[PDB]
Amino acid sequence: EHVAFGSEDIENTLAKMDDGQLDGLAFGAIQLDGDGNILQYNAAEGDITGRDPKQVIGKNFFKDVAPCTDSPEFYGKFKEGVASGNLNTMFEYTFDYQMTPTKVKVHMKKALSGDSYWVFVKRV
Ligand SMILES: *C(=O)/C=C/c1ccc(O)cc1
């Protein structure tokens, strides 16, 4: 699926995509609701983290799946963007819970559908 991490219109392209199409992205893609529950989780993300995409759907990202992200630097910025209504922000991070420690770049961006927010991930 031809779309680059950090693209200016990434939210438009992914709004058109089904599960198999999301699985064809070169980067990890997670869709969360405003509470952090997992709506979508693609195959590239599971390749990074060792999570089975079907198993994590419905779980809470910040409480259950990814406690290392429950911090001002990650969850705090997610919450701020959900509240302000315009989430679009990038940072580096280390993922290390139930996986080998892995440096990543994260891009958070509001989705087009209601109460929906993307978390995109690639290795660094
Ligand atoms: C830290 O606990 C991060 C964990 C994690 C990040 C991203 C995922 O897709 C799964 C687990």
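Scope of the values below: all heavy atoms of this structure, side chains included, with no hydrogens, waters or symmetry mates. Nothing fancy with the numbering, it's 1 onward along the sequence.
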Novice: Begin from the C-alpha positions of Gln40 and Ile30 and carry the test side-chain contact (heavy atoms from CB on, under 4.5 Å) through to its verdict.
Specialist: CA-CA 5 Å; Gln40 304 187 56; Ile30 305 165; over 6 Å; no
Novice: Please report the interatomic distance CD1(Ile10) to CZ(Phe5), rounded to the nearest 0.5 Å.
Specialist: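 Here the interatomic distance stands at 7.5 Å.
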Novice: Parallel under 30°, tilted from 30 to 60°, perpendicular over 60°: which one fits the rings of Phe78 and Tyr117?
Specialist: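 Taking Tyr117 first and then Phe78, their aromatic rings stand perpendicular (interplane angle over 60°).
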Novice: I would like to know whether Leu112 and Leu14 meet side-chain contact (heavy atoms from CB on, under 4.5 Å); could you show each step before the answer?
Specialist: CA-CA 9 Å; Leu112 299 190; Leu14 272 52; over 6 Å; no
Novice: Restricting to non-hydrogen atoms, name the atom on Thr94 and the atom on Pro101 that form the minimum distance, rounded to 0.1 Å.
Specialist: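 Where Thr94 meets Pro101 most closely, the heavy atoms are CG2-CB, 4.4 Å.
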Novice: Are the side chain of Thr102 and the backbone of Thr100 linked by a donor-acceptor contact shorter than 3.5 Å?
Specialist: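 Present.
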Novice: Closest heavy-atom contact between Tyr41 and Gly46?
Specialist: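 Closest approach of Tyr41 to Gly46: CE2-N, 3.7 Å.
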Novice: Apply the side-chain contact (heavy atoms from CB on, under 4.5 Å) test between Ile38 and each candidate in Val119, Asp33, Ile57; give the one that qualifies.
Specialist: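 When side-chain contact (heavy atoms from CB on, under 4.5 Å) is applied between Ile38 and each of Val119, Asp33, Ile57, only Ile57 qualifies.
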Novice: If you take all heavy atoms of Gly34 and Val82, which pair is closest and at what distance?
Specialist: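 Minimum heavy-atom contact is CA-CG1, 4.1 Å.
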Novice: Heavy-atom distance under 4.5 Å between the side chains of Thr89 and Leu87, does that happen here?
Specialist: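 Heavy-atom side-chain distance check passes, below 4.5 Å.
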Novice: Is the shortest side-chain heavy-atom distance between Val106 and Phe120 below 4.5 Å?
Specialist: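 No, side chains not in contact.
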Novice: Whether the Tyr93 and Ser71 side chains hold a donor-acceptor pair (N or O, under 3.5 Å, no angle test) is what I'd like checked.
Specialist: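 Side chains of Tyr93 and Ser71: pair found under 3.5 Å.
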Novice: Classify the ring geometry of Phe62 against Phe74: parallel below 30°, tilted from 30° to 60°, perpendicular beyond 60°.
Specialist: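 Taking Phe74 first and then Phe62, their aromatic rings stand perpendicular (interplane angle over 60°).
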Novice: If you group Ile, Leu, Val, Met, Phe, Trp and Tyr by side-chain heavy-atom gaps below 4.5 Å, do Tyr75 and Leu32 land in one group?
Specialist: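 Same cluster: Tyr75 reaches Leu32 through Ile, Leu, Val, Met, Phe, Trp or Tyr contacts under 4.5 Å.
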Novice: Measuring only between side-chain heavy atoms, which start at C-beta, is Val65 closer than 4.5 Å to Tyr97?
Specialist: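 Side chain of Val65 against side chain of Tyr97, heavy atoms only: no contact under 4.5 Å found.
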Novice: Would you check if the side chain of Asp23 reaches a backbone N or O of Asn42 as a donor-acceptor pair within less than 3.5 Å?
Specialist: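 Judged by distance alone, no pair lies under 3.5 Å.
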Novice: Does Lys77 reach the side chain of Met108, with side-chain heavy atoms less than 4.5 Å apart?
Specialist: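 Of all side-chain heavy-atom pairs linking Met108 with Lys77, at least one is under 4.5 Å.
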Novice: Testing the basics here: between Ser113 and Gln31, what is the closest heavy-atom pair and its distance to 0.1 Å?
Specialist: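 For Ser113 and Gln31, the tightest heavy-atom pair comes out as OG-NE2, 4.1 Å.
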Novice: Check this for me: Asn86, atom CG, are more than 12 non-hydrogen atoms of other residues, nucleotides or ligands nearer than 6.0 Å?
Specialist: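 12 or below, so no.
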Novice: If you count heavy atoms of other groups shown closer than 6.0 angstrom to CG of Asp96, is the number above 12?
Specialist: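 Enclosed.
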Novice: Quick one: are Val104 and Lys122 in side-chain contact, heavy atoms under 4.5 Å?
Specialist: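 Answer no - side chains too far apart.
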Novice: Does one hydrophobic cluster hold both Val124 and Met90, with members joined at side-chain heavy-atom distances below 4.5 Å?
Specialist: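 Cluster IDs for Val124 and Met90 differ.
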Novice: Can you check whether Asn88 reaches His107 side chain to side chain, under 4.5 Å on heavy atoms?
Specialist: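 They are in side-chain contact.
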Novice: Quick check against the 3.5 Å criterion: does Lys63 have a side-chain atom that pairs as donor or acceptor with the backbone of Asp70?
Specialist: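 Absent.
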Novice: Is a donor from one side chain sitting under 3.5 angstrom from an acceptor on the other, for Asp64 and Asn60?
Specialist: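 Result is no, nothing qualifies.
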Novice: If you apply the rule side-chain contact (heavy atoms from CB on, under 4.5 Å), what do you find for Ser7 with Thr13, and how did you get there?
Specialist: CA-CA 10 Å; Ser7 165; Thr13 304; 5.7 Å; no
Novice: Could you tell me whether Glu92 and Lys105 make a salt bridge, using a distance below 4.0 angstrom between a side-chain N and a carboxylate O?
Specialist: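 No, no charged N to carboxylate O under 4.0 Å.
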Novice: Which pair of non-hydrogen atoms, one from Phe27 and one from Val3, has the smallest distance, and what is that distance?
Specialist: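 For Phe27 versus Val3, the nearest heavy atoms are CE2-O, 3.4 Å.
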Novice: Any side-chain heavy-atom pair from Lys16 and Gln21 closer than 4.5 angstrom?
Specialist: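 Contact flag for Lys16/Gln21 side chains = no.
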Novice: Which heavy atom of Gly28 sits nearest to which heavy atom of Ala44, and what is that distance?
Specialist: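 Nearest pair, atom of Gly28 first, then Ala44: N-CB, 3.9 Å.
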Novice: Could you check if a side-chain atom of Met17 sits within less than 4.5 angstrom of a side-chain atom of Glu1, using non-hydrogen atoms only?
Specialist: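 Sidechains of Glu1 and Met17: in contact.
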Novice: More than 12 heavy atoms of other residues, nucleotides or ligands under 6.0 Å from NZ of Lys110: yes or no?
Specialist: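 Enclosed: over 12 neighbouring heavy atoms sit under 6.0 Å from NZ of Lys110.
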Novice: Return the CG to CD distance between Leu22 and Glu45, rounded to the nearest 0.5 Å.
Specialist: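 Spacing of CG (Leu22) from CD (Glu45) equals 10.5 Å.
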